[PDB]
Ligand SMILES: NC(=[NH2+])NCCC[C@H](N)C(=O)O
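A single chain comes next, written as structure tokens; it is the form solved without the named molecule.
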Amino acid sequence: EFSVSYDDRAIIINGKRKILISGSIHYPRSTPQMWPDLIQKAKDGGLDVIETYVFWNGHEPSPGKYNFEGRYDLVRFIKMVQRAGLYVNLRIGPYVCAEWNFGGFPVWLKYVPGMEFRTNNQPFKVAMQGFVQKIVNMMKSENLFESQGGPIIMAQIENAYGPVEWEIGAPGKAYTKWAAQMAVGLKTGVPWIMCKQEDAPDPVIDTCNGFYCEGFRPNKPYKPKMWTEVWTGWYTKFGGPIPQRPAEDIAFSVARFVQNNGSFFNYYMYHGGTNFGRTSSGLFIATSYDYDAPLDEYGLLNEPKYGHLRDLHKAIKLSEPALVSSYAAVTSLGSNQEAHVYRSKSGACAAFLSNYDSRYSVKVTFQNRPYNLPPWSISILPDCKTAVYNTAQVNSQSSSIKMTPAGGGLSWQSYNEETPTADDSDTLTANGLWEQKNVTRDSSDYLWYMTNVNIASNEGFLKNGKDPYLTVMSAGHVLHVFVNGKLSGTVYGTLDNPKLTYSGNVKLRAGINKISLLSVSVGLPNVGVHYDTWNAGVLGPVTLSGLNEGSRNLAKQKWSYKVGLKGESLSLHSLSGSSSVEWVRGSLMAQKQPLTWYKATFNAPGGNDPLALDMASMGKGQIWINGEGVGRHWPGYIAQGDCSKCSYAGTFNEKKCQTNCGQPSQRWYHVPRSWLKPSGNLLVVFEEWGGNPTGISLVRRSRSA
């Protein structure tokens, strides 16, 4: 009655094989209020399944203390998908990558005794078996696995370990074995998948991720061919362009897979959404996870991509009865043109006509009728006769993004952040420099490195008007340099190379000089071999040239630390906290001023358009609406990179259809309709870089052809 098994062909849901069209919708990147409309948009788009990760570090802020409220009501989210007649692929992880802060591991886990991440390690295995079992027991509890009549038809253990395992060697393989056996062991009564495991143990199905994976094949023949991440674009990194992937090529990629015994494919992403707060953003990942997905960050339809995939699904579902009762058989149709024919003993016939030439439309002869195949396309013939769909012919009207203000420029108040300096009574100190994750435990992006640089009165630069050289080398990711109160320097990294060096002459004078270094993180690293062990914050070396001695090693003094900002320790983002300091009303409003808090109240704009914040006036920091973390703003970083005009045809890569070069890397910042009330809306912004808060205006998203 209720069963999920599999064969060499496809997934068997209820004794019936199925070709499963699926979409990734990460729950914590939406509001619970948006969930059902997004899920409905998915249903209308031709999706059978909704895929998501579980967010380990969202769910356990500290050991044993869990959070499944609001955006993290996972059981609610799965139930809502079930409510929509769609299935669920639950990729538990707990490592999930997903451009998510620290890959999803809680930071506290890093510091458990004897701990190592993703390897045959006792502390790690225990904590991981722990979380995976808690989630599965929560899922089992309300019969949410399909064997019990629920939506979950599949689960994922780890995420993309194959590459990491190929480098760690024997521990890695001894952990891949372990992870598979001690997840299957939870007896969920539905299959377990692993993506990028050329070596996944029976009975775990290895899947792939990529732009194209028509070449792929499971690690044993009685496993079906499964595509867990059809990338629908790419992530937007801070100071990067907005990566698009064209819909004629996504169609083309999916059809290339399904024509070749493809049975499960999942768009990553279907809905991208927002990295809300300082707990979401992976390293350098911008607040927008829009991902050029078929639903944009704001849940509106990305046309014609949405419409064009909707039609492809329809064309697949007309083909499905053939697809499930035969196998993909091939027949050359010319130099670079092919035919994949699903012909059932009963009489069903589905035919995929392919044309792999990236330049020239080609006409082929199939079963006596002519067919014109536009270049880099496939024509779907669900009857083997009428081409009802072609992955180049786009029959959905486009829709372009328009942001149009409403609410009017608000009246602002300011508050300035203390620029702290060393004090002979600081408690948190050491000789030499400490790593940032170690000190902050990721309670805040901000860490103050402070020390005393004494300068003897007989110095060369105290004779000739001249400044000593300051050189600071920090693991990342932003660094502000403060001398005796005033700001001497500001340097920042990219995703690829987050390490930085500040070099510059610095006005010191005889006696004790104050050095205060503000190192900031932009989320934690989320991917790579041993990514967890990477450093952040100032580890040096730190020198001061132009002295008599010659060049002073400042890394070998007493340094003192202070975690995070005062405004944070006050929580000036919440209504209670924001009424506790003297705000600077009137016209003295700090303009183009570093380390400044801002504050305005406004009324919900008109009706039912999605909203955002224009902040191209500002530099960098965080936004909060009504005490909830909107996310990080960083319009000060200008999109670096190639932005050639783009053709659908030919092999794709992230870099192909890059957009928005020269502009702020994210101008607009998403604000849920569900986070506003009619009036009394407390906007609070921390500006870390300097900007003019008068230019902050609310906007409405809408689209037209």
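Residue numbers run from 1 along the displayed sequence.
A.B. asks: Per the entry, where is the mean C-alpha temperature factor higher: 612-620 or 67-75?
C.D. replies: Comparing 612-620 with 67-75, the higher mean C-alpha B-factor belongs to 612-620.
A.B. asks: Take the C-alpha B-factors listed in the entry for 637-645 and for 32-40, compute each mean, and give the stretch with the larger one.
C.D. replies: Looking at the recorded C-alpha B-factors, 637-645 comes out higher on average.
A.B. asks: Sort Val190, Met269, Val107, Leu495 by C-alpha B-factor from the entry and give me just the highest.
C.D. replies: In the PDB entry, the greatest C-alpha B-factor among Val190, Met269, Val107, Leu495 is found at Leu495.
A.B. asks: Among the candidates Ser579, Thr232, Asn275, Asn120, give the one with the maximum CA B-factor reported in the record.
C.D. replies: That would be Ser579, according to the entry.
A.B. asks: Going by the CA temperature factor in the PDB record, which third of the chain does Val54 belong to: lowest, middle or highest?
C.D. replies: For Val54, the deposited C-alpha B-factor lands in the lowest third.
A.B. asks: Please say which third, lowest, middle or highest, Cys661 falls into when its CA temperature factor is compared across its chain.
C.D. replies: Highest third, going by the recorded CA B-factors of the chain.
A.B. asks: Can you tell me which third, lowest, middle or highest, the CA B-factor of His26 falls into for its chain?
C.D. replies: CA B-factor rank for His26: lowest third.
A.B. asks: C-alpha B factor of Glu60, ranked within the chain: lowest, middle or highest third?
C.D. replies: Top third by C-alpha B-factor.
A.B. asks: Once the chain's modelled residues are ordered by C-alpha B factor and cut into thirds, is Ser354 in the lowest, middle or highest one?
C.D. replies: Within its chain, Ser354 is a middle-third residue by C-alpha B-factor, going by the deposited values.
Omitted here: the form solved in complex with the named molecule. The next part is about that form.
A.B. asks: State the residue from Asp206, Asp292, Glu459, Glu214 whose non-hydrogen atoms include one within 4.5 Å of the named molecule in the entry with it bound.
C.D. replies: It is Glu214 that has a heavy atom within 4.5 Å of the partner.
A.B. asks: Considering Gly189, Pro541, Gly210, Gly407, which brings a non-hydrogen atom within 4.5 Å of the named molecule in the entry with it bound?
C.D. replies: The residue from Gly189, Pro541, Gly210, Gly407 that makes the contact is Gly210.
A.B. asks: Quick check on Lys196: any heavy atom within 4.5 Å of the named molecule in the entry with it bound?
C.D. replies: Answer yes; at least one heavy atom of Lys196 falls within 4.5 Å of the named molecule in the entry with it bound.
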